[PDB]
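Student: The structure that follows is given in the form of structure tokens.
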Ligand SMILES: OC[C@H]1O[C@@H](O[C@H]2[C@H](O)[C@@H](O)[C@@H](O)O[C@@H]2CO)[C@H](O)[C@@H](O)[C@H]1O
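Residue numbers (the entry's author numbering): 7 to 71, 74 to 155.
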């Protein structure tokens with residue numbers, strides 16, 4: 007039931023999500039971390055506005071020094089950071105990210121292994137845009153919708 011919408015998108019990638027993120031929806035992102043990476047992010051956004059900057063419902067931000077920082081941007085202001093230190097990401101290694109949308113939270117597994125949970129701060133129904141930024145190569149972006 008997984009239907010990819012784009013292959014090898016140029017980064018920064020900003021795209022419209024074709025259907026609503028209802029409970030049970032999956033977002034599947036397949037990529038690869040470059041040799042010189044410092045960090046990258048997957049942002050689930052409300053709109054693609056740049057001025058003013060669009061709210062980010064779910065900021066999923068792997069940093070390579074390593075860790076994953078998650079947060080929410082509302083009215084151009086960042087909320088409280090939720091930091092995961094048990095990170096599966098490494099440089100020169102490929103990955104598969106699966107984001108599960110649940111009623112009350114997102115659930116993320118990388119490479120088949122569970123990674124983290126993140127409670128909704130903005131109602132997921134307000135998400136219509138997917139943004140991927142920073143140092144990362146993306147092989148594919150797909151959705152399995154539950155509408
Ligand atoms: O919370 C995610 C955002 O972090 C911002 O930087 C933080 C940094 O992570 C934290 O340790 C402390 O320095 O506060 C900073 C506020 O800017 C990034 O600038 C932003 O891109 C998000 O990743």
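Backbone N, C-alpha and C define an ideal beta-carbon position, used for all residues, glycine too.
Can you find a heavy atom of ligand 1 that lies under 6 Å from the Cβ of residue 89?
Tutor: Residue mapping note: residue 89 aligns to position 81 of the chain shown, counting from 1. Residue 89 Cβ: within cutoff of ligand 1.
Student: How is the beta strand (DSSP E) around residue 69 delimited, first residue to last?
Tutor: Within the chain shown, numbered from 1, the residue matching residue 69 stands at position 63. Here the beta strand (DSSP E) through residue 69 covers 62-69.
Student: Buried or exposed: where does residue 132 fall if 16 or more other Cβ atoms within 10 Å of its Cβ makes it buried?
Tutor: As a position in the chain shown, residue 132 is number 124, starting the count at 1. With 16 or more other Cβ atoms within 10 Å, it is buried.
Student: Whether or not the stretch 120-136 and the stretch 74-88 are in contact is what I'm after, with contact meaning three or more pairs of Cβ atoms, one per stretch, closer than 8 Å; do they touch?
Tutor: Yes, the stretch 74-88 touches the stretch 120-136.
Student: Any idea if residue 65 is buried or exposed, counting beta-carbon neighbours within 10 angstroms, 16 or more meaning buried?
Tutor: As a first step, residue 65 must be located in the chain shown, where it is residue number 59. When all chains shown are included, residue 65 counts as buried.
Student: Please name the residue in 33, 40 and 32 whose C-alpha comes closest to that of residue 102.
Tutor: Position 94 of the chain shown, counting from 1, holds the residue named residue 102. Cα-wise, what sits closest to residue 102 is 40.
Student: Rank 17, 20, 23 and 30 by C-alpha distance to the C-alpha of residue 7 and give the top, closest one.
Tutor: For this step, residue 7 is matched to residue 1 along the chain shown. Checking every option, the nearest Cα to that of residue 7 belongs to 30.
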